[PDB]
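Trainee: Structure file final_28.cif (mmCIF, C-alpha atoms and all ligand atoms; chains and numbers go by the auth columns) right here:
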```
data_run
#
loop_
_atom_site.group_PDB
_atom_site.id
_atom_site.type_symbol
_atom_site.label_atom_id
_atom_site.label_comp_id
_atom_site.label_asym_id
_atom_site.label_seq_id
_atom_site.Cartn_x
_atom_site.Cartn_y
_atom_site.Cartn_z
_atom_site.B_iso_or_equiv
_atom_site.auth_seq_id
_atom_site.auth_asym_id
ATOM 1 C CA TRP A 1 174.827 218.502 244.390 0.00 1 A
ATOM 2 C CA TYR A 2 176.508 215.351 243.068 0.00 2 A
ATOM 3 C CA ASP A 3 176.017 213.845 239.629 0.00 3 A
ATOM 4 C CA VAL A 4 174.785 210.451 240.790 0.00 4 A
ATOM 5 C CA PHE A 5 175.406 208.675 237.474 0.00 5 A
ATOM 6 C CA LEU A 6 178.984 209.883 237.086 0.00 6 A
ATOM 7 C CA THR A 7 179.835 209.459 240.779 0.00 7 A
ATOM 8 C CA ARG A 8 178.733 205.813 240.598 0.00 8 A
ATOM 9 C CA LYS A 9 180.541 205.432 237.279 0.00 9 A
ATOM 10 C CA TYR A 10 183.941 206.655 238.440 0.00 10 A
ATOM 11 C CA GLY A 11 183.918 205.784 242.130 0.00 11 A
ATOM 12 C CA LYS A 12 184.715 209.329 243.230 0.00 12 A
ATOM 13 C CA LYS A 13 182.541 212.367 243.899 0.00 13 A
ATOM 14 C CA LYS A 14 181.422 214.168 240.729 0.00 14 A
ATOM 15 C CA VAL A 15 179.920 217.635 241.100 0.00 15 A
ATOM 16 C CA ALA A 16 176.787 218.429 239.053 0.00 16 A
ATOM 17 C CA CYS A 17 176.137 222.060 240.029 0.00 17 A
ATOM 18 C CA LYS B 1 169.664 227.989 276.925 0.00 307 B
ATOM 19 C CA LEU B 2 173.157 228.299 275.416 0.00 308 B
ATOM 20 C CA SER B 3 176.083 229.883 277.230 0.00 309 B
ATOM 21 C CA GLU B 4 177.363 233.222 275.953 0.00 310 B
ATOM 22 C CA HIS B 5 180.370 231.488 274.387 0.00 311 B
ATOM 23 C CA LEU B 6 178.306 228.779 272.698 0.00 312 B
ATOM 24 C CA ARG B 7 176.035 231.536 271.383 0.00 313 B
ATOM 25 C CA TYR B 8 179.057 232.823 269.458 0.00 314 B
ATOM 26 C CA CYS B 9 179.571 229.311 268.099 0.00 315 B
ATOM 27 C CA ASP B 10 175.948 229.173 267.004 0.00 316 B
ATOM 28 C CA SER B 11 176.462 232.460 265.160 0.00 317 B
ATOM 29 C CA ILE B 12 179.436 230.944 263.323 0.00 318 B
ATOM 30 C CA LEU B 13 177.331 227.929 262.391 0.00 319 B
ATOM 31 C CA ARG B 14 174.596 230.229 261.082 0.00 320 B
ATOM 32 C CA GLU B 15 177.174 232.068 258.970 0.00 321 B
ATOM 33 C CA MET B 16 178.492 228.813 257.516 0.00 322 B
ATOM 34 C CA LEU B 17 174.910 227.903 256.523 0.00 323 B
ATOM 35 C CA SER B 18 174.161 231.331 255.026 0.00 324 B
ATOM 36 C CA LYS B 19 173.625 232.167 251.354 0.00 325 B
ATOM 37 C CA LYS B 20 176.940 233.953 250.856 0.00 326 B
ATOM 38 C CA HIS B 21 178.936 230.721 251.301 0.00 327 B
ATOM 39 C CA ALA B 22 176.577 228.423 249.381 0.00 328 B
ATOM 40 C CA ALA B 23 178.894 227.862 246.405 0.00 329 B
ATOM 41 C CA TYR B 24 181.393 226.006 248.598 0.00 330 B
ATOM 42 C CA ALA B 25 179.426 225.056 251.725 0.00 331 B
ATOM 43 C CA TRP B 26 176.886 222.779 250.020 0.00 332 B
ATOM 44 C CA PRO B 27 178.945 219.528 250.284 0.00 333 B
ATOM 45 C CA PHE B 28 178.578 219.929 254.054 0.00 334 B
ATOM 46 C CA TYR B 29 174.835 220.547 254.277 0.00 335 B
ATOM 47 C CA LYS B 30 173.989 216.857 254.835 0.00 336 B
ATOM 48 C CA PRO B 31 175.882 213.593 255.455 0.00 337 B
ATOM 49 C CA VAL B 32 177.770 211.999 252.603 0.00 338 B
ATOM 50 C CA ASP B 33 175.281 209.444 251.256 0.00 339 B
ATOM 51 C CA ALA B 34 177.851 206.789 250.524 0.00 340 B
ATOM 52 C CA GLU B 35 175.249 204.171 249.637 0.00 341 B
ATOM 53 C CA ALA B 36 173.371 206.387 247.171 0.00 342 B
ATOM 54 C CA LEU B 37 176.668 207.467 245.593 0.00 343 B
ATOM 55 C CA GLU B 38 178.031 203.880 245.755 0.00 344 B
ATOM 56 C CA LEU B 39 181.258 205.007 247.445 0.00 345 B
ATOM 57 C CA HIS B 40 181.729 201.537 248.873 0.00 346 B
ATOM 58 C CA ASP B 41 184.864 202.329 250.902 0.00 347 B
ATOM 59 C CA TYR B 42 183.691 205.609 252.453 0.00 348 B
ATOM 60 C CA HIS B 43 182.774 204.154 255.837 0.00 349 B
ATOM 61 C CA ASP B 44 185.876 201.963 255.891 0.00 350 B
ATOM 62 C CA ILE B 45 188.028 205.108 255.640 0.00 351 B
ATOM 63 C CA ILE B 46 185.844 207.631 257.497 0.00 352 B
ATOM 64 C CA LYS B 47 185.123 206.189 260.932 0.00 353 B
ATOM 65 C CA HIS B 48 183.253 209.238 262.320 0.00 354 B
ATOM 66 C CA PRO B 49 181.164 211.038 259.694 0.00 355 B
ATOM 67 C CA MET B 50 180.206 214.653 260.387 0.00 356 B
ATOM 68 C CA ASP B 51 178.380 217.442 258.566 0.00 357 B
ATOM 69 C CA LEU B 52 176.689 220.759 259.300 0.00 358 B
ATOM 70 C CA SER B 53 173.171 219.291 259.607 0.00 359 B
ATOM 71 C CA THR B 54 174.452 217.029 262.385 0.00 360 B
ATOM 72 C CA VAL B 55 176.335 219.894 264.047 0.00 361 B
ATOM 73 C CA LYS B 56 173.166 221.993 263.934 0.00 362 B
ATOM 74 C CA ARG B 57 171.057 219.223 265.455 0.00 363 B
ATOM 75 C CA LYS B 58 173.607 218.783 268.260 0.00 364 B
ATOM 76 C CA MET B 59 173.727 222.556 268.856 0.00 365 B
ATOM 77 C CA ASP B 60 169.934 222.851 268.930 0.00 366 B
ATOM 78 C CA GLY B 61 169.818 219.838 271.274 0.00 367 B
ATOM 79 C CA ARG B 62 172.343 221.494 273.626 0.00 368 B
ATOM 80 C CA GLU B 63 174.770 218.580 273.222 0.00 369 B
ATOM 81 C CA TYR B 64 178.002 220.607 273.083 0.00 370 B
ATOM 82 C CA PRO B 65 179.444 221.322 276.558 0.00 371 B
ATOM 83 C CA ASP B 66 181.724 224.117 275.305 0.00 372 B
ATOM 84 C CA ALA B 67 183.158 225.799 272.220 0.00 373 B
ATOM 85 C CA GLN B 68 185.914 223.200 271.915 0.00 374 B
ATOM 86 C CA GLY B 69 183.353 220.414 271.494 0.00 375 B
ATOM 87 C CA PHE B 70 181.657 222.348 268.693 0.00 376 B
ATOM 88 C CA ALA B 71 184.975 223.112 266.997 0.00 377 B
ATOM 89 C CA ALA B 72 186.018 219.458 267.220 0.00 378 B
ATOM 90 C CA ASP B 73 182.993 218.443 265.135 0.00 379 B
ATOM 91 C CA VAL B 74 183.570 221.211 262.574 0.00 380 B
ATOM 92 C CA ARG B 75 187.201 220.194 262.174 0.00 381 B
ATOM 93 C CA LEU B 76 186.262 216.499 262.023 0.00 382 B
ATOM 94 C CA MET B 77 183.956 217.345 259.127 0.00 383 B
ATOM 95 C CA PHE B 78 186.756 219.061 257.210 0.00 384 B
ATOM 96 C CA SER B 79 189.335 216.399 258.099 0.00 385 B
ATOM 97 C CA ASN B 80 187.050 213.660 256.756 0.00 386 B
ATOM 98 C CA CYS B 81 186.827 215.531 253.458 0.00 387 B
ATOM 99 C CA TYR B 82 190.619 215.904 253.222 0.00 388 B
ATOM 100 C CA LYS B 83 191.102 212.230 254.133 0.00 389 B
ATOM 101 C CA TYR B 84 188.610 210.720 251.695 0.00 390 B
ATOM 102 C CA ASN B 85 188.877 212.787 248.508 0.00 391 B
ATOM 103 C CA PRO B 86 191.747 213.261 246.045 0.00 392 B
ATOM 104 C CA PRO B 87 193.872 216.280 247.016 0.00 393 B
ATOM 105 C CA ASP B 88 193.063 218.226 243.819 0.00 394 B
ATOM 106 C CA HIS B 89 189.346 217.484 244.009 0.00 395 B
ATOM 107 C CA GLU B 90 186.855 220.356 243.715 0.00 396 B
ATOM 108 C CA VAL B 91 185.301 219.379 247.039 0.00 397 B
ATOM 109 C CA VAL B 92 188.652 219.650 248.832 0.00 398 B
ATOM 110 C CA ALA B 93 188.991 223.199 247.494 0.00 399 B
ATOM 111 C CA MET B 94 185.496 223.954 248.763 0.00 400 B
ATOM 112 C CA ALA B 95 186.351 222.509 252.171 0.00 401 B
ATOM 113 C CA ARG B 96 189.413 224.767 252.393 0.00 402 B
ATOM 114 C CA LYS B 97 187.366 227.834 251.481 0.00 403 B
ATOM 115 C CA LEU B 98 184.730 227.095 254.111 0.00 404 B
ATOM 116 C CA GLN B 99 187.356 226.158 256.681 0.00 405 B
ATOM 117 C CA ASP B 100 189.056 229.528 256.105 0.00 406 B
ATOM 118 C CA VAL B 101 185.741 231.184 256.983 0.00 407 B
ATOM 119 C CA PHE B 102 185.368 229.021 260.088 0.00 408 B
ATOM 120 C CA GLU B 103 188.923 229.417 261.375 0.00 409 B
ATOM 121 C CA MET B 104 188.838 233.195 260.986 0.00 410 B
ATOM 122 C CA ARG B 105 185.514 233.483 262.817 0.00 411 B
ATOM 123 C CA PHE B 106 186.431 230.972 265.511 0.00 412 B
ATOM 124 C CA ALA B 107 189.759 232.678 266.172 0.00 413 B
ATOM 125 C CA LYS B 108 188.190 236.126 266.394 0.00 414 B
ATOM 126 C CA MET B 109 185.305 235.552 268.736 0.00 415 B
ATOM 127 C CA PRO B 110 185.561 236.869 272.319 0.00 416 B
ATOM 128 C CA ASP B 111 187.592 234.806 274.768 0.00 417 B
ATOM 129 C CA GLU B 112 186.532 232.162 277.316 0.00 418 B
HETATM 130 N N LIG C . 178.616 222.695 239.962 0.00 501 A
#
```
Could you quickly redo this structure as structure tokens?
Mentor:
Amino acid sequence: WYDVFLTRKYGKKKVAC
Amino acid sequence: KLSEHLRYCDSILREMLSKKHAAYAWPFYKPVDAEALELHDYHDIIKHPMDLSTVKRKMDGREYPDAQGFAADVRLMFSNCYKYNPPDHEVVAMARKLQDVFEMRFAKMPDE
């Protein structure tokens, strides 16, 4: 799933899993 | 009531949703939630979003007239991923791995 905090932070998809 | 050829497509869809591909198929299990992720340009760049949950709902609803209509949505889903994300992104690598599965299965099913 996506790391919501870091995806919003960097403006690109960040994978959490 | 699916045609014999669309039944093969449904089998491919079931494989793409199966446990063995979960490590790279998960980005495609539901639509990209651009608002929750605050990807504010996603829908400016991706005009026709697609994902496996939508493909499944269309399959179950008998909305695909033939295998080519199904394959068009699968390839649209992958193309959107290649278009939106940086080329070295993890999710692009996952898309390629799942697309390899799809293209092999779609090529190898019986004709017509
Ligand atoms: N991950």
Trainee: Pick out the closest residue to ligand LIG 501 (chain A) from this set: B:377, B:319, B:344, B:396. Count all atoms listed in the file.
Mentor: B:396
Trainee: Would you mind listing what lies within 10 Å of range 328-342 of chain B as a ChimeraX atom specification, with all atoms listed in the file counted and same-chain residues fewer than 6 positions away left out?
Mentor: /A:1-2,4,7-8,13,15,17 /B:322,348-349,355-362,380,383-384,387,396-405
Trainee: Write out, as a short mmCIF file (atom, residue, chain, number, x, y, z; two decimals), in the frame of the given file, the residues just selected, with C-alpha atoms.
Mentor:
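Everything below was put into result_26.cif:
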```cif
data_model
loop_
_atom_site.label_atom_id
_atom_site.label_comp_id
_atom_site.auth_asym_id
_atom_site.auth_seq_id
_atom_site.Cartn_x
_atom_site.Cartn_y
_atom_site.Cartn_z
CA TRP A 1 174.83 218.50 244.39
CA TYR A 2 176.51 215.35 243.07
CA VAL A 4 174.78 210.45 240.79
CA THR A 7 179.84 209.46 240.78
CA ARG A 8 178.73 205.81 240.60
CA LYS A 13 182.54 212.37 243.90
CA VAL A 15 179.92 217.64 241.10
CA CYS A 17 176.14 222.06 240.03
CA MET B 322 178.49 228.81 257.52
CA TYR B 348 183.69 205.61 252.45
CA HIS B 349 182.77 204.15 255.84
CA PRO B 355 181.16 211.04 259.69
CA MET B 356 180.21 214.65 260.39
CA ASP B 357 178.38 217.44 258.57
CA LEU B 358 176.69 220.76 259.30
CA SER B 359 173.17 219.29 259.61
CA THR B 360 174.45 217.03 262.38
CA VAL B 361 176.34 219.89 264.05
CA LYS B 362 173.17 221.99 263.93
CA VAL B 380 183.57 221.21 262.57
CA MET B 383 183.96 217.34 259.13
CA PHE B 384 186.76 219.06 257.21
CA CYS B 387 186.83 215.53 253.46
CA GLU B 396 186.86 220.36 243.72
CA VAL B 397 185.30 219.38 247.04
CA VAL B 398 188.65 219.65 248.83
CA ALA B 399 188.99 223.20 247.49
CA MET B 400 185.50 223.95 248.76
CA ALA B 401 186.35 222.51 252.17
CA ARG B 402 189.41 224.77 252.39
CA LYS B 403 187.37 227.83 251.48
CA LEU B 404 184.73 227.10 254.11
CA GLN B 405 187.36 226.16 256.68
#
```
Trainee: Pick the closest to chain A from B:345, B:350, B:408, B:366: which is it, counting all atoms listed in the file?
Mentor: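 Of B:345, B:350, B:408, B:366, the one nearest chain A is B:345, counting all atoms listed in the file.
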Trainee: Please compute the CA of residue 323 in chain B-CA of residue 415 in chain B distance, one decimal, in Å.
Mentor: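 Separation between CA of residue 323 in chain B and CA of residue 415 in chain B: 17.8 Å.
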Trainee: Between CA of residue 412 in chain B and CA of residue 386 in chain B, what is the distance in Å, rounded to a tenth?
Mentor: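 So the two atoms, CA of residue 412 in chain B and CA of residue 386 in chain B, lie 19.4 Å apart.
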Trainee: How many Å lie between CA of residue 382 in chain B and CA of residue 410 in chain B, rounded to one decimal?
Mentor: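 Interatomic distance here is 16.9 Å.
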Trainee: Under the PyMOL selection byres (((chain B and resi 371) around 12) and not hetatm), which residues of this model are included? Write them out as a short mmCIF file (atom, residue, chain, number, x, y, z; two decimals) with C-alpha atoms, in the coordinates of the input.
Mentor:
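Listing of expr.cif after writing:
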```cif
data_model
loop_
_atom_site.label_atom_id
_atom_site.label_comp_id
_atom_site.auth_asym_id
_atom_site.auth_seq_id
_atom_site.Cartn_x
_atom_site.Cartn_y
_atom_site.Cartn_z
CA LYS B 307 169.66 227.99 276.92
CA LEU B 308 173.16 228.30 275.42
CA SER B 309 176.08 229.88 277.23
CA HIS B 311 180.37 231.49 274.39
CA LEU B 312 178.31 228.78 272.70
CA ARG B 313 176.04 231.54 271.38
CA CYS B 315 179.57 229.31 268.10
CA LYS B 364 173.61 218.78 268.26
CA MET B 365 173.73 222.56 268.86
CA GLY B 367 169.82 219.84 271.27
CA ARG B 368 172.34 221.49 273.63
CA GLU B 369 174.77 218.58 273.22
CA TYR B 370 178.00 220.61 273.08
CA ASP B 372 181.72 224.12 275.30
CA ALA B 373 183.16 225.80 272.22
CA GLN B 374 185.91 223.20 271.92
CA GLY B 375 183.35 220.41 271.49
CA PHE B 376 181.66 222.35 268.69
CA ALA B 377 184.98 223.11 267.00
CA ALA B 378 186.02 219.46 267.22
#
```
Trainee: Can you work out which one of B:320, B:395, B:354, B:327 has the shortest atom-to-atom distance to chain A, counting all atoms listed in the file?
Mentor: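 So, comparing all the options, the nearest one is B:395.
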Trainee: Could you pull range 319-412 of chain B out of the block above and save it with C-alpha atoms, as a tab-separated table (two decimals), in the first residue's frame?
Mentor:
```tsv
chain	number	residue	atom	x	y	z
B	319	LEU	CA	-7.91	-11.94	-14.63
B	320	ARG	CA	-8.26	-14.45	-11.79
B	321	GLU	CA	-4.57	-15.31	-12.11
B	322	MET	CA	-3.57	-11.65	-11.98
B	323	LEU	CA	-5.59	-11.30	-8.75
B	324	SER	CA	-4.16	-14.47	-7.18
B	325	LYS	CA	-1.81	-14.69	-4.20
B	326	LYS	CA	1.28	-15.66	-6.19
B	327	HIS	CA	1.46	-12.23	-7.88
B	328	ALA	CA	0.52	-10.13	-4.85
B	329	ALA	CA	3.97	-8.58	-4.35
B	330	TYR	CA	3.69	-6.70	-7.66
B	331	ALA	CA	-0.04	-6.77	-8.49
B	332	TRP	CA	-1.24	-4.76	-5.48
B	333	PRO	CA	-0.90	-1.27	-7.09
B	334	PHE	CA	-3.59	-2.44	-9.52
B	335	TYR	CA	-6.13	-3.82	-7.05
B	336	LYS	CA	-8.09	-0.54	-6.83
B	337	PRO	CA	-8.11	2.86	-8.58
B	338	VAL	CA	-5.32	5.30	-7.87
B	339	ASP	CA	-6.81	7.52	-5.15
B	340	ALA	CA	-5.28	10.72	-6.41
B	341	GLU	CA	-7.17	12.89	-3.94
B	342	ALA	CA	-6.18	10.85	-0.88
B	343	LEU	CA	-2.57	10.76	-2.08
B	344	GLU	CA	-2.72	14.45	-3.13
B	345	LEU	CA	-1.35	13.69	-6.60
B	346	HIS	CA	-2.95	16.85	-7.93
B	347	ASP	CA	-1.96	16.33	-11.58
B	348	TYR	CA	-2.92	12.65	-11.88
B	349	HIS	CA	-6.23	13.24	-13.64
B	350	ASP	CA	-4.75	15.95	-15.84
B	351	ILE	CA	-2.25	13.40	-17.19
B	352	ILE	CA	-4.31	10.19	-17.00
B	353	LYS	CA	-7.52	10.79	-18.92
B	354	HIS	CA	-8.91	7.23	-18.62
B	355	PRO	CA	-8.07	5.57	-15.29
B	356	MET	CA	-8.21	1.78	-15.14
B	357	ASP	CA	-7.46	-0.93	-12.58
B	358	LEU	CA	-8.21	-4.59	-11.93
B	359	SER	CA	-11.22	-3.94	-9.67
B	360	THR	CA	-12.84	-2.03	-12.53
B	361	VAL	CA	-11.90	-4.72	-15.06
B	362	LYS	CA	-13.42	-7.35	-12.76
B	363	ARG	CA	-16.64	-5.38	-12.35
B	364	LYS	CA	-16.92	-4.98	-16.13
B	365	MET	CA	-16.21	-8.70	-16.67
B	366	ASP	CA	-18.77	-9.75	-14.06
B	367	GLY	CA	-21.26	-7.31	-15.62
B	368	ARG	CA	-20.68	-8.84	-19.08
B	369	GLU	CA	-19.54	-5.48	-20.48
B	370	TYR	CA	-16.68	-6.77	-22.66
B	371	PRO	CA	-17.86	-7.82	-26.15
B	372	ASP	CA	-14.69	-9.82	-26.88
B	373	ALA	CA	-11.16	-10.58	-25.71
B	374	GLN	CA	-9.78	-7.47	-27.41
B	375	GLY	CA	-12.00	-5.22	-25.29
B	376	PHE	CA	-10.74	-6.89	-22.12
B	377	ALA	CA	-7.11	-6.65	-23.25
B	378	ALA	CA	-7.55	-2.97	-24.11
B	379	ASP	CA	-8.48	-2.21	-20.50
B	380	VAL	CA	-5.60	-4.27	-19.10
B	381	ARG	CA	-3.12	-2.50	-21.36
B	382	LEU	CA	-4.67	0.90	-20.57
B	383	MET	CA	-4.05	0.17	-16.89
B	384	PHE	CA	-0.37	-0.57	-17.51
B	385	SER	CA	0.06	2.34	-19.93
B	386	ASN	CA	-1.34	4.77	-17.36
B	387	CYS	CA	1.25	3.54	-14.86
B	388	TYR	CA	4.10	3.98	-17.36
B	389	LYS	CA	2.82	7.44	-18.33
B	390	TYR	CA	2.35	8.86	-14.83
B	391	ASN	CA	5.26	7.52	-12.76
B	392	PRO	CA	9.01	8.09	-13.03
B	393	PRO	CA	10.63	5.43	-15.23
B	394	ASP	CA	12.78	3.99	-12.40
B	395	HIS	CA	9.90	3.93	-9.92
B	396	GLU	CA	9.18	0.73	-7.98
B	397	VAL	CA	5.60	0.74	-9.25
B	398	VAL	CA	6.75	0.81	-12.88
B	399	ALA	CA	8.86	-2.29	-12.19
B	400	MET	CA	5.82	-3.95	-10.64
B	401	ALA	CA	3.70	-3.02	-13.66
B	402	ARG	CA	6.26	-4.63	-15.98
B	403	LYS	CA	6.31	-7.82	-13.91
B	404	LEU	CA	2.53	-8.12	-13.93
B	405	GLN	CA	2.33	-7.18	-17.60
B	406	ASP	CA	4.80	-9.98	-18.40
B	407	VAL	CA	2.39	-12.39	-16.71
B	408	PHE	CA	-0.55	-10.97	-18.64
B	409	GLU	CA	1.11	-10.88	-22.06
B	410	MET	CA	2.35	-14.46	-21.75
B	411	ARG	CA	-1.09	-15.74	-20.72
B	412	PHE	CA	-2.97	-13.65	-23.26
```
